[PDB]
Amino acid sequence: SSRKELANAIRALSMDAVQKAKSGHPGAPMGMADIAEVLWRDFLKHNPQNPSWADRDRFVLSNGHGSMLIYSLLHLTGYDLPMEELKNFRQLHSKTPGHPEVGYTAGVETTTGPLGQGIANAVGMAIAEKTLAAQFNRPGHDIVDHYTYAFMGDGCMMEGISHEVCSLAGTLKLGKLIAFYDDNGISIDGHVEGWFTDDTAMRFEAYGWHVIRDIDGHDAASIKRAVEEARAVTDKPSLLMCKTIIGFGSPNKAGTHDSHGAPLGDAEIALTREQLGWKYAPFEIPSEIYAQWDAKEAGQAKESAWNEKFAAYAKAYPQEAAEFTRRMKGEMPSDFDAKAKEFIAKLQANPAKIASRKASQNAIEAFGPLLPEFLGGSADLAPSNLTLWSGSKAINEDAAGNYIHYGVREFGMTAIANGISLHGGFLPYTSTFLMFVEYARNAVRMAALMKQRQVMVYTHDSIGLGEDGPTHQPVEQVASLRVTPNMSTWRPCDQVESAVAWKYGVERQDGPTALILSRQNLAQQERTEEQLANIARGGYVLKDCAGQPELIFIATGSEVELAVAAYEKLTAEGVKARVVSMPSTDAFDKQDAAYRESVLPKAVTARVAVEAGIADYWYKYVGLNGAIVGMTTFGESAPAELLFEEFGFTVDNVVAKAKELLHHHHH
Amino acid sequence: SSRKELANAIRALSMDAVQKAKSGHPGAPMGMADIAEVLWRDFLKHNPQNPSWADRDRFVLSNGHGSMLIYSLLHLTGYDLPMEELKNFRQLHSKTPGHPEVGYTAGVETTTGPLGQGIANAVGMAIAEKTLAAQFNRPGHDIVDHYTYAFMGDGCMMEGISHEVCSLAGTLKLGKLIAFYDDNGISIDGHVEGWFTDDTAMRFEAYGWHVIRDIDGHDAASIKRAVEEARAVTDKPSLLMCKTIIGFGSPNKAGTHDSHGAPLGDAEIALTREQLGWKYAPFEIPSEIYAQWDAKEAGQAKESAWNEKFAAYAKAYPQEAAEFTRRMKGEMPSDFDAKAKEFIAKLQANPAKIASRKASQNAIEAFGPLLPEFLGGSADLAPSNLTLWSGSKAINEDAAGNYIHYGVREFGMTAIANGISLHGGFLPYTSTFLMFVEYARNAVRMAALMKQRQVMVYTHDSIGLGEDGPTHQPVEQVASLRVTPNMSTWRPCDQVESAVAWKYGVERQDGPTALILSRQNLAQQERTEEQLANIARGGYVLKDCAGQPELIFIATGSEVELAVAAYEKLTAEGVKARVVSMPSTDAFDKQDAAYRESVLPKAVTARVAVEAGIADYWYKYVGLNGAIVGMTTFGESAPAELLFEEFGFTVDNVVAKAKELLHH
Ligand SMILES: COc1ncc(C[n+]2csc(CCOP(=O)(O)OP(=O)(O)O)c2C)c(N)n1
Ligand SMILES: COc1ncc(C[n+]2csc(CCOP(=O)(O)OP(=O)(O)O)c2C)c(N)n1
Ligand SMILES: [Ca+2]
Ligand SMILES: [Ca+2]
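Residues numbered from 1 in each chain as written, not as in the entry; some residues may be left out. Chains lettered and ligands numbered in written order. Heavy atoms only, no water.

Method of determination, as annotated in the archive: X-ray crystallography, at 0.9210 Å resolution.

Written out as structure tokens, the structure reads:
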């Protein structure tokens with residue numbers, strides 16, 4: 001078959017699968033099919049029989065609405081994605097969801113769709129390859145050597161996150177990152193010139209990319225040459241400007257917004273088959289076309305050759321090879337649990353009244369020698385977020401390092417880190433002031449959706465940061481994280497809870513962990529052995545009374561010290577009180593009903609929550625017959641100690657609110 | 001005094017005010033002082049005696065951590081910002097908060113600090129000026145003619161939002177937008193080359209900006225020539241690449257990250273006074289220096305001349321002048337309330353089962369002729385969000401129009417709209433799929449913090465959108481909006497609630513309103529006159545029983561019809577059931593306690609919330625002894641009907657959860 005005929009198999013499967021679903025996006029798959037045919041058949045290094053091969057090239061579809069493009073490619077090249085799944089595009093529990101999802105589908109590297117995040121993930125995958133190669137390759141033994149290819153469209157280009165990640169990719173000289181821009185002139189509102197007029201090539205050359213202009217994206221020879229030229233440029237990421245016709249093949253919808261995001265229609269599909277010369281019925285592919293598309297034999301040969309390389313590496317570098325395997329599998333060192341528990345126990349025995357940001361740095365320092373897989377960073381806040389430890393080495397200084405200066409790029413940082421976690425080999429941590437989780441908010445959500453391990457270090461968590469004022473002082477951000485499916489959020493009250501939360505985060509394989517950390521010093525609380533072990537249960541009894549309490553304080557973070565002081569005052573007056581420390585609501589909620597009842601007994605309705613954050617969250621635990629000492633407004637610019645007083649975070653106010661609550665219960 | 005001495009007054013006030021507060025950012029004020037002296041003394045058109053003058057130039061400090069720069073300028077030029085306020089920098093309830101805040105301080109145009117948002121706001125102010133000029137200017141009567149000047153640093157340049165807004169500013173040919181880049185080589189982590197290497201000038205030329213490279217930001221002559229060149233370019237926005245030394249004047253901390261964000265220290269301040277030749281004590285400014293900085297005389301002359309121009313315009317164009325004044329004041333048309341109520345009543349009397357996104361479009365259509373101040377748009381989703389009405393005119397086609405194709409730029413769109421609302425003259429609306437509020441999330445927060453009127457049209461609100469799947473299907477986004485201070489959030493259940501929510505949004509005077517709108521068709525509910533009037537109270541009794549209820553359903557949006565169906569089944573069994581429609585929790589919470597008790601009586605604890613969004617929000621209204629039929633997970637890619645079944649939004653499940661609750 002000709003290359004065009006082979007590309008037309010993608011066009012047919014895509015338009016037909018969209019038509020059967022009565023839903024989806026035929027335009028981009030049809031527009032990019034010729035580019036995909038060249039990339040996948042002539043360049044991509046992959047094995048359909050082992051999508052987890054450590055040294056495979058990575059492909060990312062940033063314009064993820066064009067999901068039938070990737071499903072067509074995976075099916076045609078021989079991945080475990082049968083035709084029946086393509087017939088079930090966009091149907092419940094299929095392996096072909098409307099936007100591609102990692103883990104749903106053999107060979108899908110990342111979950112994309114939200115525009116711009118795929119190219120960010122690709123930048124992270126390329127950072128991961130470069131860093132892993134620098135750490136592990138040895139003379140005569142280049143066990144890490146693979147490309148990262150991304151497809152992206154006008155939407156990804158317009159999004160700010162593309163500026164963040166492509167600027168940084170230029171700084172880091174990511175020569176194995178090769179992106180293809182689907183330059184088709186169309187977006188949902190119509191012809192893009194009304195709203196998008198950049199000289200995109202000039203923009204990317206400003207970032208330090210190698211840019212190939214004016215590629216005919218429907219001419220295989222032109223595409224091939226461009227890819228060869230990009231793979232030969234080793235010191236700059238490459239952008240291939242591919243002029244395409246959206247909906248290529250459709251006489252009436254090609255080149256129109258109408259092809260973007262709805263089925264073409266049966267009549268138009270018939271005309272499209274006639275224009276393309278594609279005779280096969282829907283979901284029909286002849287054996288000769290499979291024979292030309294299939295990648296099993298070549299992929300086997302390539303992976304077998306790599307396995308020989310790796311065996312030779314392991315003979316020469318046995319400990320390094322064992323580390324490579326461990327890290328690519330995402331496994332933890334066998335002695336990490338015991339060492340981390342020893343550190344936590346030492347902290348409990350050796351109080352220190354320090355900020356939880358500093359307790360976080362101390363945990364990084366303790367873990368760093370044990371976790372060479374860390375690839376950490378901050379969005380231009382290293383000296384404030386406290387993300388450097390003595391063993392940190394920035395990768396812009398030495399490519400075998402373990403630290404990234406992300407710059408002022410919170411969203412890009414977080415989505416890059418998603419790419420790092422998806423690549424394998426690393427455990428990323430990212431950091432900014434908590435407020436600016438709002439800049440990165442959907443990338444945080446994507447980490448949770450993709451079930452990725454990433455520790456998110458968010459410092460300066462409340463009005464306790466003081467004078468920078470309400471644009472910086474979080475109020476409602478923690479509550480937003482707490483209600484995010486599969487998110488873990490920890491607001492430790494002292495250096496011990498901080499170390500427990502760090503341990504929890506690095507050991508959490510199936511989703512991310514946000515640490516909510518103070519600027520100001522936090523008192524260490526006394527704990528028995530059981531209480532120390534109970535921190536990891538998310539909520540636990542810290543102070544108690546004999547018999548059923550008539551009042552339970554529930555507090556987090558910096559406010560535990562205040563709640564304990566109120567408990568002491570009330571206890572001295574004969575009130576039966578309890579304090580619950582709730583460092584993680586999500587972990588608490590995952591405990592069984594008996595444990596949760598033991599901490600928050602249903603008989604006790606006089607519950608007082610204390611937290612320098614939005615009050616409305618806490619109805620979940622205090623109900624309608626309690627009290628909340630929380631924030632209900634934005635903050636103010638002033639010294640923190642004056643803010644806590646003004647907003648009611650004082651022993652006198654907490655005691656008064658508790659006594660008022662009890663008075664109402666009594667009368 | 002020399003121009004350097006005049007600039008050094010900013011340096012002294014800034015370093016001394018930071019020192020006294022023991023907090024703040026001396027570096028950028030010291031680095032930018034010479035640029036500020038030229039801009040403010042030689043070019044800026046403003047009146048300290050009236051910071052609200054409609055035709056003033058707008059200045060925006062996007063690198064807002066350098067707040068003492070603006071406080072120094074406002075004090076020195078004669079605004080109502082006395083020295084004792086500068087001595088109270090960063091102190092409780094002062095007029096000099098650590099990042100500048102609109103409304104706190106005479107002459108501050110916007111609240112900045114979160115990096116990149118100031119330049120976005122400036123783009124919006126420049127769009128507003130261009131559009132208002134096109135709408136109102138007439139031959140011989142150019143009543144709108146002013147510049148928008150912005151300062152910005154490396155942080156703003158690195159942020160993605162700068163790409164969004166500066167790309168769009170290039171498309172829109174905003175020749176009166178002039179930005180100054182503080183190119184000082186330093187950020188918090190140190191020397192920026194380790195993480196920021198763009199050819200920024202080339203980048204901005206790629207956006208279609210006029211760029212002036214290599215300006216000596218410590219040389220008044222160089223700065224002045226560059227500003228003159230930029231003003232003379234009328235068909236593109238300009239970027240001035242100003243090479244500065246952060247902390248200029250400090251022997252030991254100039255050019256260092258140390259000068260960014262902490263007091264210099266007393267010894268270093270003394271050395272800085274020596275290096276600068278600045279002889280005056282902290283908070284001492286000699287009369288000569290005030291005389292050269294003061295803008296009161298010139299500013300009043302310029303504003304009076306404008307007033308006389310406006311008076312002549314009003315004689316020639318009386319109706320247009322009255323509209324200009326009304327719109328610049330942010331007032332609503334006197335008959336808007338009555339006309340909007342008439343529209344709402346018509347909808348209630350003429351039921352339609354349509355998506356609330358369509359009901360939103362229909363409200364825009366009804367309001368459009370009444371609200372010429374609308375300046376609306378969508379982030380490349382006009383045909384899906386349904387933001388166009390018959391009278392929409394895109395400003396890229398007709399500069400006197402009322403609609404912006406924002407492109408795929410959600411954060412930039414929202415922060416541009418903040419600039420539009422801050423400018424005066426317009427009522428912006430913005431739109432995207434609800435999920436992608438997360439891309440714009442801090443700009444939404446900033447609208448609320450700044451008490452700005454903006455209607456945020458968020459469609460495709462739940463698993464009801466169907467096959468696009470979990471990356472698109474909102475779950476927890478509404479709950480986050482609901483707990484944001486000063487946000488209003490409406491999730492209307494039908495076309496009538498949708499119109500009421502739109503009316504509420506446009507009538508806010510002091511904050512934004514998010515509309516949470518469905519992809520799919522919503523049945524219209526029947527209402528008495530009292531119920532119709534009570535939609536605007538945010539929560540109301542939609543279906544009731546005789547006597548005290550035994551069971552109360554609380555539902556929103558697309559789930560009201562489901563709650564009603566469960567109510568009908570339980571009512572037929574003989575349960576004393578009620579349905580409360582809760583389109584806006586914030587409007588409900590602001591009602592008097594008797595009204596709230598009439599809807600959600602405190603004695604009735606058997607409450608079942610029903611909403612295709614995160615369950616955890618609803619404990620606020622159901623407490624510990626109720627039930628919630630909500631989401632607890634991400635969505636899935638499938639047809640909407642099947643998803644509602646998969647996730648428990650069925651009559652059987654709602655009834656079962658209510659019966660379980662009643663059985664205790
Ligand atoms: C903020 O995140 C975000 N917002 C909106 C959408 C929906 N959407 C898909 S595509 C496109 C605009 C056009 O994107 P573009 O690649 O040019 O399209 P095609 O040419 O058809 O491939 C838009 C607007 C999305 N998926 N993610
Ligand atoms: C995402 O929003 C955001 N994130 C962080 C900060 C804190 N911060 C202020 S400045 C700067 C980096 C350097 O910003 P830059 O203008 O170069 O500084 P100077 O040269 O001292 O003026 C940083 C990192 C902020 N205000 N807003
Ligand atoms: Ca396109
Ligand atoms: Ca800087």
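Picking up after the structure, the text goes on.
1. Observations regarding the site of ligand 2
Filter applied, for reference: One heavy atom within 4 Å of a molecule or strand is enough for the residue carrying it to be called near that molecule or strand. Counting of polar contacts relies on pairs of N or O atoms within 3.5 Å, with two restrictions inside protein: one atom must be capable of donating a hydrogen and the other of accepting it, and residues adjacent in sequence are counted only when both atoms are side-chain atoms. Reported accessibility uses the Shrake-Rupley method at a 1.4 Å probe radius. Residues are deemed covered only where the shown protein chains occlude them. Only runs of H or I of at least four residues qualify as helices and only runs of E of at least two qualify as strands under DSSP, and these elements are numbered from the N terminus.
Near ligand 2 lie 23 residues; those nearest to it are A:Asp380, B:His65, B:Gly113, B:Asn184 and B:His260. Ligand 2 sits at a junction of chains, with neighbouring residues supplied by chains A and B. With respect to ligand 2, the backbone of B:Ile186 contributes an N or O atom lying 3.4 Å from an oxygen atom. Between ligand 2 and B:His260, the relevant distance is 2.6 Å, taken from an oxygen atom to a side-chain nitrogen or oxygen of the residue. The fraction of the free accessible surface of ligand 2 (590 Å²) that becomes covered by protein chains is 98%. Within the residue set of the shell around ligand 2, elements represented by two or more residues are α6 (154–158) and β4 (186–187) of chain B.

2. Topic: the environment of B:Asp198
Spelled out, the test is: Residue contacts follow a heavy-atom distance rule, with two residues in contact if any of their heavy atoms lie within 4.5 Å.
Along the chain, B:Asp198 falls in the loop between β5 (190–191) and α8 (200–206). Residues B:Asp198 and B:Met157 lie 41 residues apart in sequence; the distance between their C-alpha atoms is 9.5 Å. When near neighbours in sequence (up to four residues on either side) are disregarded, B:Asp198 contacts A:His163, A:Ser167, A:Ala206, A:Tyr207 and B:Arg203. One polar contact links B:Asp198 to A:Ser167, side chain to side chain, over a distance of 2.6 Å.

3. Brief notes about the UniProt feature "binding site: Mg(2+)" in chain B
All names here are of chain B. Quick reminder of the rule: UniProt positions are given in the numbering used here, feature names are shortened, and annotations may be inferred rather than shown by experiment. Burial classification: accessible surface area is computed with a 1.4 Å probe over protein chains only, and a residue below 20% of its type maximum counts as buried, one above 50% as exposed, and the rest as partly exposed.
As recorded in UniProt, the feature "binding site: Mg(2+)" lies at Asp-154, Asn-184 and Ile-186. The named residues occupy 33 residues along the chain; their greatest pairwise C-alpha distance, 7.9 Å, places them in one compact cluster. Inspection of the secondary structure assignment puts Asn-184 in the loop between β3 (177–183) and β4. Look at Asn-184 and you get buried, because its relative accessible area is 14%. When neighbours within four sequence positions are excluded, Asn-184 is seen to be in contact with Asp-154, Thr-244 and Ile-246. Turning to its location among the elements, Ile-186 is positioned in strand β4. According to the relative accessible area criterion, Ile-186 is buried, its value standing at 8%. If we skip the residues at most four places from it in the chain, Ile-186 touches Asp-154, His-191, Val-192, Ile-246, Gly-255, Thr-256 and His-257.

4. What about the domain arrangement of chain B?
Residues and elements named next belong to chain B. Which entries qualify depends on this criterion: Where a domain begins and ends is set by an automatic assignment or by a domain database. Summed over both partners, the accessible surface that disappears when two parts come together, traced with a 1.4 Å probe, is what is meant by buried area. The salt bridge definition used is simple: a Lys or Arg side-chain nitrogen within 4 Å of an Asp or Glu carboxyl oxygen. Residue classes follow a fixed rule: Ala, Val, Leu, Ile, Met, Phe, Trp, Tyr, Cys and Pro count as nonpolar, while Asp, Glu, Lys and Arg count as charged, and any other residue, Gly among them, counts as polar.
According to the domain assignment, chain B consists of domain 1 (1–325), domain 2 (326–536) and domain 3 (537–664). Computed over C-alpha atoms, the centres of domain 2 and domain 3 are 25 Å apart. In this complex, domain 2 contributes 34 residues to the contact, which on the side of domain 3 involves 41 residues. Carbon and sulfur atoms supply 53% of the area that domain 2 and domain 3 bury against each other, a total of about 3,000 Å² over both sides. Its largest share of buried area at the contact with domain 3, domain 2 owes to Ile-463, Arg-482 and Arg-491, together 24% of the area lost on that side. At the boundary of domain 2 with domain 3, the tally comes to three salt bridges. Where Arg-491 meets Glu-559, a salt bridge forms, and the shortest distance between an N and an O atom there is 2.8 Å. In this structure, the connection of domain 2 to domain 3 is made through 22 residue pairs in polar contact. The class makeup of the residues in the side of domain 2 that touches domain 3 is 15 nonpolar, eleven polar and eight charged.

5. Concerning the interface of chain B and chain A
Interfaces are often described in size by the accessible area the parts lose on coming together. Each partner contributes to the interface: chain B provides 99 residues, whereas chain A provides 98 residues. With both sides pooled, the region where chain B packs onto chain A buries about 8,200 Å², and carbon together with sulfur makes up 57% of that total. Joining chain B to chain A, the criterion identifies six salt bridges. A salt bridge links B:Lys620 to A:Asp616, with the shortest nitrogen-to-oxygen separation between them at 2.7 Å. If one sorts the elements of the side of chain B that touches chain A by residue count, helix α7 (residues 160–171) of chain B sits on top with seven residues. A per-class count over the side of chain B that touches chain A returns 40 nonpolar, 35 polar and 24 charged.

6. Focus on the coordination of the calcium ion (ligand 3)
Angles at a metal have ideal values that depend on geometry: 109.5 degrees with four tetrahedral donors, 90 or 180 degrees with six octahedral donors. Residues and elements named next belong to chain A. The condition that has to hold: Donor atoms are limited to N, O and S found within 2.8 Å of the metal ion, a distance that becomes 3.2 Å for Na, K and Ca. With water left out, some sites might look partial.
Summarising the metal site, the calcium ion (ligand 3) is bound by the protein donors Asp-154 (OD), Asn-184 (OD1) and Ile-186 (O), whose distances to it range over 2.3 to 2.4 Å. Each donor residue of the calcium ion (ligand 3) belongs to the same chain, with the gaps between them written as D-x29-N-x1-I. Placement of the pair is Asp-154 in helix α6 (residues 154–158) and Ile-186 in strand β4 (residues 186–187), with a sequence separation of 32 residues. Pair check on accessibility: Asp-154 and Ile-186 agree, each one buried.

7. Considerations on the sheet that holds strand β2 (residues 148–152) of chain B
Residues and elements named next belong to chain B. Rules: Pairing between strands requires that DSSP locate at least two bridges from one strand to the other. Note on definitions: angles span 0 to 180 degrees between N-to-C directions of axes, and those axes are lines fitted to C-alpha atoms, for helices only across the stretch in contact.
With respect to topology, five strands assemble into an open sheet ordered β1-β2-β3-β7-β6, the strand pairing being parallel. Edge positions in the open sheet fall to β1 (58–61) and β6 (210–216), since each of these has one partner strand only. Each adjacent strand pair in this sheet contributes to an overall mean axis angle of 15°, direction not counted. Examined bridge by bridge, β6 and strand β7 (residues 238–243) share five bridges and lie parallel to one another. Across the sheet, residue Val-211 finds its bridge partner in β7, namely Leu-239.

8. A closer look at the domain arrangement of chain A
Residues and elements named next belong to chain A. What the domain assignment lists for chain A is domain 1 (1–325), domain 2 (326–536) and domain 3 (537–667). Once you take the C-alpha centre of each, domain 1 and domain 2 turn out to be 33 Å apart. Each partner contributes residues to the interface: domain 1 has 34 residues there, and domain 2 has 32 residues. The contact between domain 1 and domain 2 buries some 2,800 Å² in all, and 64% of this surface belongs to carbon and sulfur atoms. The interface formed by domain 1 and domain 2 holds one salt bridge in total. Close ionic contact of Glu-323 with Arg-326 constitutes a salt bridge, the shortest N to O distance being 2.9 Å. Where domain 1 meets domain 2, there are 19 residue pairs in polar contact. Those elements that provide at least two residues to the side of domain 1 that touches domain 2 are α5 (117–136), α7 (160–171) and α13 (318–329).

9. Some words on the site of ligand 1
Taken together, 23 residues surround ligand 1, and among them A:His65, A:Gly113, A:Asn184, A:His260 and B:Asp380 come closest. Neighbouring residues of ligand 1 are distributed over chains A and B. One of the side-chain N or O atoms of A:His260 is found 2.6 Å from an oxygen atom in ligand 1. Broken down by secondary-structure element, the contributors of at least two residues to the shell around ligand 1 are α6 and β4 of chain A. Across the shell around ligand 1, the residue classes break down as eleven nonpolar, eight polar and four charged.

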